[PDB]
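What follows is the content of data-v2.pdb (PDB, C-alpha atoms).
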```pdb
ATOM      1  CA  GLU P   1     -39.288 -33.616 -56.964  1.00  0.00           C
ATOM      2  CA  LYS P   2     -37.861 -33.184 -53.464  1.00  0.00           C
ATOM      3  CA  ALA P   3     -34.678 -35.235 -53.814  1.00  0.00           C
ATOM      4  CA  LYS P   4     -34.086 -33.812 -57.292  1.00  0.00           C
ATOM      5  CA  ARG P   5     -33.334 -30.510 -55.560  1.00  0.00           C
ATOM      6  CA  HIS P   6     -30.209 -32.124 -54.107  1.00  0.00           C
ATOM      7  CA  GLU P   7     -28.461 -31.872 -57.477  1.00  0.00           C
ATOM      8  CA  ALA P   8     -30.258 -28.627 -58.322  1.00  0.00           C
ATOM      9  CA  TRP P   9     -28.594 -27.010 -55.309  1.00  0.00           C
ATOM     10  CA  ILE P  10     -25.525 -26.688 -57.530  1.00  0.00           C
ATOM     11  CA  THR P  11     -27.223 -23.601 -58.961  1.00  0.00           C
ATOM     12  CA  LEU P  12     -27.600 -22.037 -55.514  1.00  0.00           C
ATOM     13  CA  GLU P  13     -23.807 -21.814 -55.330  1.00  0.00           C
ATOM     14  CA  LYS P  14     -23.784 -18.939 -57.821  1.00  0.00           C
ATOM     15  CA  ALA P  15     -26.541 -17.337 -55.749  1.00  0.00           C
ATOM     16  CA  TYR P  16     -24.727 -17.275 -52.407  1.00  0.00           C
ATOM     17  CA  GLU P  17     -21.768 -15.831 -54.312  1.00  0.00           C
ATOM     18  CA  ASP P  18     -23.576 -12.486 -54.419  1.00  0.00           C
ATOM     19  CA  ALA P  19     -24.953 -12.973 -50.908  1.00  0.00           C
ATOM     20  CA  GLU P  20     -28.389 -14.179 -52.005  1.00  0.00           C
ATOM     21  CA  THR P  21     -31.210 -13.699 -49.498  1.00  0.00           C
ATOM     22  CA  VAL P  22     -33.143 -16.672 -48.126  1.00  0.00           C
ATOM     23  CA  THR P  23     -36.295 -17.307 -46.094  1.00  0.00           C
ATOM     24  CA  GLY P  24     -37.192 -20.141 -43.742  1.00  0.00           C
ATOM     25  CA  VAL P  25     -38.515 -21.121 -40.321  1.00  0.00           C
ATOM     26  CA  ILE P  26     -36.658 -22.727 -37.417  1.00  0.00           C
ATOM     27  CA  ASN P  27     -37.551 -26.422 -37.318  1.00  0.00           C
ATOM     28  CA  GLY P  28     -34.973 -27.730 -34.864  1.00  0.00           C
ATOM     29  CA  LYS P  29     -33.239 -26.137 -31.886  1.00  0.00           C
ATOM     30  CA  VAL P  30     -29.832 -27.201 -30.572  1.00  0.00           C
ATOM     31  CA  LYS P  31     -27.546 -26.111 -27.734  1.00  0.00           C
ATOM     32  CA  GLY P  32     -26.879 -22.537 -28.810  1.00  0.00           C
ATOM     33  CA  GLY P  33     -27.528 -23.326 -32.454  1.00  0.00           C
ATOM     34  CA  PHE P  34     -30.764 -23.249 -34.437  1.00  0.00           C
ATOM     35  CA  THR P  35     -31.734 -25.297 -37.492  1.00  0.00           C
ATOM     36  CA  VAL P  36     -33.848 -23.630 -40.177  1.00  0.00           C
ATOM     37  CA  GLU P  37     -35.391 -24.996 -43.373  1.00  0.00           C
ATOM     38  CA  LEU P  38     -34.512 -22.809 -46.360  1.00  0.00           C
ATOM     39  CA  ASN P  39     -35.819 -24.166 -49.664  1.00  0.00           C
ATOM     40  CA  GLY P  40     -35.100 -27.650 -48.349  1.00  0.00           C
ATOM     41  CA  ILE P  41     -31.611 -26.823 -47.105  1.00  0.00           C
ATOM     42  CA  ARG P  42     -30.707 -26.827 -43.411  1.00  0.00           C
ATOM     43  CA  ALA P  43     -29.272 -23.621 -41.952  1.00  0.00           C
ATOM     44  CA  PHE P  44     -27.451 -22.938 -38.683  1.00  0.00           C
ATOM     45  CA  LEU P  45     -27.758 -19.802 -36.550  1.00  0.00           C
ATOM     46  CA  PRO P  46     -24.984 -18.922 -34.065  1.00  0.00           C
ATOM     47  CA  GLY P  47     -26.089 -18.608 -30.452  1.00  0.00           C
ATOM     48  CA  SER P  48     -23.449 -15.932 -29.921  1.00  0.00           C
ATOM     49  CA  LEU P  49     -26.165 -13.414 -30.788  1.00  0.00           C
ATOM     50  CA  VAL P  50     -29.240 -15.399 -29.752  1.00  0.00           C
ATOM     51  CA  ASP P  51     -29.251 -16.055 -26.006  1.00  0.00           C
ATOM     52  CA  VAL P  52     -27.516 -13.596 -23.680  1.00  0.00           C
ATOM     53  CA  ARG P  53     -28.617 -11.533 -20.681  1.00  0.00           C
ATOM     54  CA  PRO P  54     -32.332 -12.453 -20.668  1.00  0.00           C
ATOM     55  CA  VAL P  55     -34.709  -9.658 -19.663  1.00  0.00           C
ATOM     56  CA  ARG P  56     -38.039 -10.500 -21.294  1.00  0.00           C
ATOM     57  CA  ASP P  57     -39.843 -13.497 -22.792  1.00  0.00           C
ATOM     58  CA  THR P  58     -37.516 -15.488 -25.045  1.00  0.00           C
ATOM     59  CA  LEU P  59     -39.980 -17.947 -26.578  1.00  0.00           C
ATOM     60  CA  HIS P  60     -39.405 -16.447 -30.027  1.00  0.00           C
ATOM     61  CA  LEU P  61     -36.165 -18.440 -30.120  1.00  0.00           C
ATOM     62  CA  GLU P  62     -38.153 -21.343 -31.565  1.00  0.00           C
ATOM     63  CA  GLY P  63     -40.882 -21.163 -34.192  1.00  0.00           C
ATOM     64  CA  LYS P  64     -39.689 -17.793 -35.469  1.00  0.00           C
ATOM     65  CA  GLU P  65     -40.585 -17.264 -39.127  1.00  0.00           C
ATOM     66  CA  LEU P  66     -38.131 -14.719 -40.535  1.00  0.00           C
ATOM     67  CA  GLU P  67     -35.585 -14.384 -43.340  1.00  0.00           C
ATOM     68  CA  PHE P  68     -31.805 -14.686 -43.034  1.00  0.00           C
ATOM     69  CA  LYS P  69     -28.610 -13.308 -44.571  1.00  0.00           C
ATOM     70  CA  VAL P  70     -26.189 -15.645 -46.345  1.00  0.00           C
ATOM     71  CA  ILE P  71     -22.562 -14.717 -45.681  1.00  0.00           C
ATOM     72  CA  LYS P  72     -20.733 -17.978 -46.373  1.00  0.00           C
ATOM     73  CA  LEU P  73     -21.667 -21.594 -47.098  1.00  0.00           C
ATOM     74  CA  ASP P  74     -19.716 -24.732 -46.193  1.00  0.00           C
ATOM     75  CA  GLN P  75     -20.039 -27.213 -49.059  1.00  0.00           C
ATOM     76  CA  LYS P  76     -17.381 -29.338 -47.358  1.00  0.00           C
ATOM     77  CA  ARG P  77     -20.027 -30.629 -44.950  1.00  0.00           C
ATOM     78  CA  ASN P  78     -22.715 -30.610 -47.643  1.00  0.00           C
ATOM     79  CA  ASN P  79     -24.488 -28.061 -45.446  1.00  0.00           C
ATOM     80  CA  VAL P  80     -25.108 -24.318 -45.164  1.00  0.00           C
ATOM     81  CA  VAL P  81     -24.806 -21.914 -42.233  1.00  0.00           C
ATOM     82  CA  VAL P  82     -26.158 -18.457 -41.406  1.00  0.00           C
ATOM     83  CA  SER P  83     -24.408 -15.228 -40.414  1.00  0.00           C
ATOM     84  CA  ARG P  84     -24.428 -14.070 -36.792  1.00  0.00           C
ATOM     85  CA  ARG P  85     -24.696 -10.304 -37.256  1.00  0.00           C
ATOM     86  CA  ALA P  86     -27.515 -11.042 -39.700  1.00  0.00           C
ATOM     87  CA  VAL P  87     -29.593 -11.862 -36.622  1.00  0.00           C
ATOM     88  CA  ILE P  88     -30.339  -8.136 -36.468  1.00  0.00           C
ATOM     89  CA  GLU P  89     -32.833  -8.789 -39.265  1.00  0.00           C
ATOM     90  CA  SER P  90     -34.154 -12.177 -38.150  1.00  0.00           C
ATOM     91  CA  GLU P  91     -34.920 -10.722 -34.720  1.00  0.00           C
ATOM     92  CA  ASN P  92     -37.382  -8.255 -36.243  1.00  0.00           C
ATOM     93  CA  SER P  93     -36.898  -6.857 -39.748  1.00  0.00           C
TER      94      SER P  93
END
```

Show the structure stored in the file as structure tokens.
Amino acid sequence: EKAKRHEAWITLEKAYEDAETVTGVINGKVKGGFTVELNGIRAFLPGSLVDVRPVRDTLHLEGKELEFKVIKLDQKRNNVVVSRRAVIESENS
């Protein structure tokens, strides 16, 4: 029942409404952005608060297994994004 979740996502809408918390790991990495699998859904992390003024090892950018903070979803593109400031938690709760 993997595809069935597609229609079940309709219930998640009410969840994000109250800023529901999620949890997933980064599967794909793009130029500045970062794709993460959250319950089957694909998230997007802003690079604005990811890569900047490197001082130490930055290999944690990919493969990081941490939670995120939903601030606003874009159903228009049948996709969901992640907050930038929320990175404060993803970095190291």

Residue with smallest distance to residue P:43 - pool P:19, P:3, P:25, P:12, counting all atoms listed in the file: P:25

Target residues per the PyMOL selection byres ((chain P and resi 63-79) around 7), formatted as a ChimeraX atom specification: /P:16,19-27,42,60-62,80-83,86,90

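The shortest atom-to-atom distance to residue P:32, with all atoms listed in the file taken into account, belongs to P:45 out of P:59, P:45, P:15, P:87.
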
d(atom CA of residue P:46, atom CA of residue P:28) in Å: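 Those two atoms sit 13.3 Å apart.
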
Distance of atom CA of residue P:29 from atom CA of residue P:9, expressed in Å to one decimal place: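 Taking atom CA of residue P:9 and atom CA of residue P:29, their separation equals 23.9 Å.
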
One-decimal distance in Å that lies between atom CA of residue P:2 and atom CA of residue P:18: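 Computing it gives 25.2 Å between the two atoms.
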
Of the listed residues P:92, P:44, P:17, P:56, that which approaches residue P:30 most closely, counting all atoms listed in the file: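 That would be P:44, the residue with the smallest distance to residue P:30.
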
Selection result for the PyMOL selection byres ((chain P and resi 49) around 8) on this file, as a PyMOL selection string: chain P and resi 46-48+50-52+84-85+87
